[PDB]
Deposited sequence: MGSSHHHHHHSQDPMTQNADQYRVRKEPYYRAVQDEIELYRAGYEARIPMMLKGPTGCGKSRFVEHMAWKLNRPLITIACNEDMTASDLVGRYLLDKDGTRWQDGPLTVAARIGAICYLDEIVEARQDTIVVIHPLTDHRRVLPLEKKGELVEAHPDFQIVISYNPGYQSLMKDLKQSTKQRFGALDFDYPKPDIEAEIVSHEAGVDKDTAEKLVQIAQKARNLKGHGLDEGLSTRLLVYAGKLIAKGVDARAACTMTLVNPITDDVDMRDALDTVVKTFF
């Protein structure tokens, strides 16, 4: 596995490491595209552990999770980090399935199969939360508070991923900063990456910063005035 590029905003990586070894289930909280998913993949490799990602949604059922085997069960048998992305989207009654894996009992009853699986001692559930869950689900997790990084830091992230000089990346950040009166950092990476293809700066921002997020016209010409301030 190649190492995923994650730039630490604060002390979130040792808090996770501490939390991981300490048996406790982790919850990541923040807006869209603030590096939550990437953080997991960075910790998954840094701790030298397998990674299984689950894109949760409103139509996902329990048997999609445990099997008919399923991702959650596989993640339980082999020592893997099970990342339930977008936990809010999923039906909240399909998530109580993970409850036998989150407290001191660490097993998964596949009562359709008549089997009680072992939880590989190196197993942990991490979930993504933006920005509702049950209290019997919330209060079984430790929580990290993620957010869009400091302007200097985000500018470093954009330049590294999109492939543009600092001066352009700072402008993308300053535009984005005022744009969130959330707006994914990935959209800034897209914008810069387009500029790295000889695309008009405003057009690059129009494609990524004003069009994918809102279909309100007078919205756009409020964000396309702030793009014209810097670019």
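Missing from the model, by position in the deposited sequence, are residues 1-24, 93-103, 167-173, 224-231.
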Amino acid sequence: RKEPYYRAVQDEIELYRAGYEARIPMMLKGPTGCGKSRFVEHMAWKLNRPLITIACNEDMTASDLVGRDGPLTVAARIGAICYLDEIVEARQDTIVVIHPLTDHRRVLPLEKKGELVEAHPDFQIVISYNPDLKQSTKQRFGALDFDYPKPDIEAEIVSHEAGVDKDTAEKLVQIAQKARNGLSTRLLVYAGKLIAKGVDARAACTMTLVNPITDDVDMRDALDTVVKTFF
From here on, numbers count along this sequence of modelled residues.
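If you average the C-alpha B-factors over 142-150 and over 99-107, the higher value belongs to 99-107.
Annotation for 168-176 versus 26-34: the higher mean temperature factor (C-alpha) is found in 168-176. For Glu89, the recorded CA B-factor ranks within the middle third of the chain. Only modelled residues enter the ranking.
When the modelled residues of the chain are ordered by C-alpha B-factor, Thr73 sits in the highest third. When the modelled residues of the chain are ordered by C-alpha B-factor, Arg49 sits in the highest third. Residue-level temperature factors show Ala155 in the lowest third of its chain, judged at the C-alpha atom. Among the modelled residues of its chain, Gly182 has a C-alpha B-factor that falls in the middle third, as given in the PDB entry.
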